[PDB]
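**Q** need the 3D shape of this:
(one chain, ligands or ions: 2)
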Amino acid sequence: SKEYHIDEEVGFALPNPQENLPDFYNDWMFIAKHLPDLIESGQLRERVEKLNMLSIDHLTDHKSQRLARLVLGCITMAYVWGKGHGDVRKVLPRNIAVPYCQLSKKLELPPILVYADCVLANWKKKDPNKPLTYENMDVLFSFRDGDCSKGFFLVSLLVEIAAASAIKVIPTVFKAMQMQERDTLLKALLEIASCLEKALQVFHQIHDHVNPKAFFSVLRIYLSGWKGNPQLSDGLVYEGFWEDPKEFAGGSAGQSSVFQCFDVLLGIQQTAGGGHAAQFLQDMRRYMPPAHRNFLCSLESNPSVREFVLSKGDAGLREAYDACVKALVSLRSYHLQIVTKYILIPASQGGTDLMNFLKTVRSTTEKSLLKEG
Ligand code: HEM
Ligand SMILES: c1ccc(-c2cnc[nH]2)cc1
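**A** Residues are numbered from 1 along each chain as shown. Ligands and ions are numbered 1, 2, ... in the order given. See the structure here:
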């Protein structure tokens, strides 16, 4: 894999993300680093409004630009939603909206907190010399004390990284197919299946670091966007940058290149059809870093692994292929249980479109099994 910005040990996540910005931006950093406090004491908005319009020209490298996206994104979420009890600002102050929009066009990402920001760039290692384990990690920014942003963002990060291990065998898969190396292809498919099965284990930690009520009533609020959102009907106005208000979806793992890439690799047509689930996943690609979305479609232009495995009358291959698919539905099935516990139940103390969306995606995955009938 070339410079698709894919690291060998971290995958789509940003390797060792930057934690500090040039002193020239101390005003931004101070607000983002103290969000839990500023929101609760109610001085967050007045503070955002007192900011001077800072130039983004002093953000030279990619990492410092990513850190800034994270900072401005977290601040924007806090500004728009406030204490997150219903009072919402419909206009983002030009002194913040402008740098954020310019920085966004530069990185080719919408001006709203995105998965690539709050997960892929929002972490650090406590001990540089220890492994990437929950116990040795922390997020750079949270919204409110007790919002469980650490558990949510990091466990997502950890799942992403476990899945990354298979991203590196993708090349082996395509080489083996054209070189007609049957044994190599089988070994590769089984390896991918193993990595996806491990990611499922990682996913288990979500119960240990995220509490249903804090997640549902707090975190969820700050990660909402303004596209098809009732309380921000026409969207948000980025004062000084855009004439009318603009609609943008909130953070979602549907913006994760990781799960989208294996569906492509395996020939599962999540994006096909005109259905709502497909439109959503197709649209989420606009929220992924440009390098990552280029990876996704470079995968789509490679010959089909599915057709190859099918055209051969090789049970070994069919089974290795199916193990990969089976691993994806297992993950999606597990994730349904999680949505039931962290969203359905807390909301019970409409939102069925949610479960149907997830099931549609899972059913499309199951349908791809070859040897099921
Ligand atoms: C508190 C736990 C979690 C909840 C409540 C949750 C909730 C949701 C919801 C509501 C959606 C639907 C679309 C949207 O609104 O963005 C969704 C989609 C998705 N989530 Fe989660 N999620 C959780 C944890 C995770 C974790 C740890 C991962 C792993 C990185 C993950 C991966 C995905 C993916 C890939 C999709 C898109 C559809 C698919 O490929 O099946 N989620 N999630
Ligand atoms: C950050 C981390 C994970 C998510 C998410 C999980 N499931 C759907 N979106 C959204 C933002």
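**Q** use CA for all of it now, contacts and neighbours both
**A** OK.
**Q** doesn't residue 32 lie inside a helix?
**A** Yes - counting by DSSP: H, G, I helix; E, B strand; the rest coil, residue 32 is part of a helix.
**Q** got a list of what it touches?
**A** Neighbouring residues of residue 32 by CA atoms under 8 Å, 6 or more residues apart in numbering: 71, 72, 74, 75, 141.
**Q** which two among these are spaced furthest apart?
**A** Taking CA to CA as the measure, the contacts of residue 32 span a maximum distance of 11.2 Å, between 72 and 141.
**Q** so these two - more neighbours on which side?
**A** When residue 72 and residue 141 are compared for neighbours, residue 72 comes out ahead with 25 against 21, by other CA atoms under 10 Å.
**Q** where do the domain boundaries of this protein fall?
**A** Split into domains by curated CATH domains, the chain comes to 1-17+146-223+249-373, 18-145+224-248.
**Q** phi, psi for the closest residue to residue 55 other than its chain neighbours please.
**A** Spatial nearest neighbour of residue 55, excluding adjacent residues (CA to CA, 6 or more residues apart in numbering): residue 99 at 6.4 Å. Here is the backbone geometry of residue 99 (degrees, to the nearest 10): phi -60, psi -40.
**Q** buried residues in stretch 101-118?
**A** 101-104, 108-118 (16 or more other CA atoms under 10 Å).
**Q** what does stretch 90-103 give?
**A** Judged by neighbour count using 16+ other CA under 10 Å, the buried positions of stretch 90-103 are 90, 92-103.
**Q** tell me which of the residues you listed is nearest to residue 282?
**A** After measuring the buried residues of stretch 90-103 against residue 282 - CA to CA - the closest member comes out as residue 101, at 22.7 Å.
**Q** check contacts around the residue in the stretch 151-300 of the chain positioned nearest to ligand 2.
**A** Closest approach between the stretch 151-300 of the chain and ligand 2, counting by CA to the nearest ligand atom: residue 252, at 3.3 Å. Going by CA under 8 Å, 6+ apart, residue 252 touches 114, 115.
**Q** and what of the one 3 residues further on?
**A** For residue 255, the contacting residues are 114, 115, 116, 281, 284, 285, 287, 288, by CA under 8 Å, 6+ apart.
**Q** what do you get for residue 302?
**A** With CA under 8 Å, 6+ apart, residue 302 has these contacts: residue 174.
**Q** which residue packs closest to residue 4, ignoring adjacent ones?
**A** Distances taken as CA to CA, 6+ apart place residue 291 nearest to residue 4, at 5.0 Å, with adjacent residues excluded.
**Q** what about that neighbour, how many residues nearby?
**A** Residue 291 - counted by other CA under 10 Å - has 14 other residues nearby.
**Q** then it would be within a strand, right?
**A** No - if the criterion is three-state DSSP, then residue 291 is helix and not within a strand.
**Q** residue 5 is in contact with that one, correct?
**A** Yes - Residue 291 lies in contact with residue 5 (CA atoms under 8 Å); the separation is 6.2 Å.
**Q** give me the most central residue, the chain.
**A** Note on the chain: the residue nearest the mean C-alpha position is residue 115, at 3.2 Å, using CA atoms, centre = their mean.
**Q** from what I can see that residue touches residue 257, true?
**A** No - here residue 115 does not reach residue 257: they are 9.9 Å apart, not a contact under CA under 8 Å.
**Q** overlap in contacts, these two.
**A** Joint contacts of residue 115 and residue 257 (CA under 8 Å, 6+ apart) are residue 288.
**Q** residues contacting residue 298?
**A** Contact criterion CA under 8 Å, 6+ apart gives no residues in contact with residue 298.
**Q** any idea which element it lies in?
**A** Element membership for residue 298, per DSSP states H and E: helix 290-300.
**Q** show me what counts as buried in that helix.
**A** Judged by neighbour count (16+ other CA under 10 Å), helix 290-300 contains these buried residues: 290, 292, 293, 295, 296, 299.
**Q** close to ligand 1: what parts of this protein are there?
**A** Residues of the chain lying near ligand 1 by CA under 6 Å from any ligand atom: 155-156, 159-160, 203, 252-254, 259, 332, 338-339, 342-343, 358, 361.
**Q** in helices, which of these appear?
**A** Assigned to helices by DSSP state H, the following of these qualify: 155, 156, 159, 160, 203, 259, 332, 338, 339, 358, 361.
**Q** am I right that the fourth one is in contact with residue 257?
**A** No - applying CA under 8 Å, one finds residue 160 not in contact with residue 257, separated by 9.1 Å.
**Q** overlap in contacts of those two?
**A** By CA under 8 Å, 6+ apart, the residues touching both residue 160 and residue 257 are residue 12.
**Q** name the surrounding residues that touch stretch 279-292.
**A** With CA under 8 Å, 6+ apart as the test, stretch 279-292 has contacts from 3-5, 12, 107-110, 114-116, 254-257, 270-271, 293.
**Q** filter these down to the ones in strands?
**A** Here DSSP state E is the test, and those give no hits in strands at all.
**Q** of those residues, which ones also sit close to ligand 2?
**A** Answer for the contacts of stretch 279-292 near ligand 2 (CA under 6 Å from any ligand atom): residue 115.
**Q** next, count neighbours for residue 267.
**A** 18.
**Q** quick check, it in contact with residue 308.
**A** No - Residue 267 is beyond contact range of residue 308, at 10.7 Å (criterion: CA under 8 Å).
**Q** quick check: neighbours shared by these two?
**A** Contacts common to residue 267 and residue 308, judged by CA under 8 Å, 6+ apart, are absent.
**Q** so how far is residue 194 from the closest residue to residue 11 other than its chain neighbours?
**A** Among residues not flanking residue 11 along the chain, residue 164 sits closest, at 4.5 Å (CA to CA, 6+ apart). Using CA to CA, to the nearest Å, residue 164 is found at 12 Å from residue 194.
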